[PDB]
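[1] Requesting a structural model of the entry that follows:
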Amino acid sequence: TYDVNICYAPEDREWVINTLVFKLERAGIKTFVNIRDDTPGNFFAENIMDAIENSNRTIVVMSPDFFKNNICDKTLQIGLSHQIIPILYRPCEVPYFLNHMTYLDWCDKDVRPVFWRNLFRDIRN
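    Numbering: from 1, shown residues only. Sharing the structure here:
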């Protein structure tokens, strides 16, 4: 099983894999990332639901491209019935329904010293 699933737009994949997943895995956190862990020949919705239901938390990597991505949006809605960890990766118009959810602001350098601490602390409780 996975500790966390990552929901993200492909345009942000560089940072997601090389930074976010990298740091999580270094921290011993077991991470689901579609391009590795998805099952080929399964339907998209099947792999999504597998990931969420076999994960304790869902990370959502917010950006302008995220909010234009259909697959990303569908995943979020289901994630709201569990626990999500929103990360503000790039500034964007956050939709109303994440607009009242506390997030991690990666763009906020002044809050960078506690970014990873808070993320990891939340996943492990």
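[2] Please list all residues in contact with the closest residue to residue 112 other than its chain neighbours.
    Spatially, and ignoring its direct neighbours in sequence, residue 112 is nearest to residue 106 (7.4 Å; CB to CB, 6 or more residues apart in numbering). From N, CA and C alone the C-beta is placed, and that goes for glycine too. Residues near residue 106 by CB atoms under 8 Å, 6 or more residues apart in numbering: 87-89, 112, 115.
[3] Do a quick rundown of the helices in this structure.
    13-15, 22-26, 34-37, 44-53, 70-79, 115-124 (DSSP state H).
[4] Let's have those in CSV, adding distance to residue 6 and mean neighbour count.
    As requested, the helices of the chain are arranged in CSV below (distance: least, CB to CB, whole Å; neighbours: other CB atoms under 10 Å):
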stretch, distance to residue 6, mean neighbour count
helix 13-15, 10, 14
helix 22-26, 9, 14
helix 34-37, 8, 13
helix 44-53, 8, 16
helix 70-79, 10, 16
helix 115-124, 12, 14
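[5] how about the ones you listed, which one is nearest residue 100?
    helix 70-79 (14.1 Å; CB to CB).
[6] Provide the contact partners of the closest one at residue level.
    Under CB under 8 Å, 6+ apart, the answer for helix 70-79 is 7-9, 44-45, 48-49, 52, 58, 60, 66-67, 84, 98.
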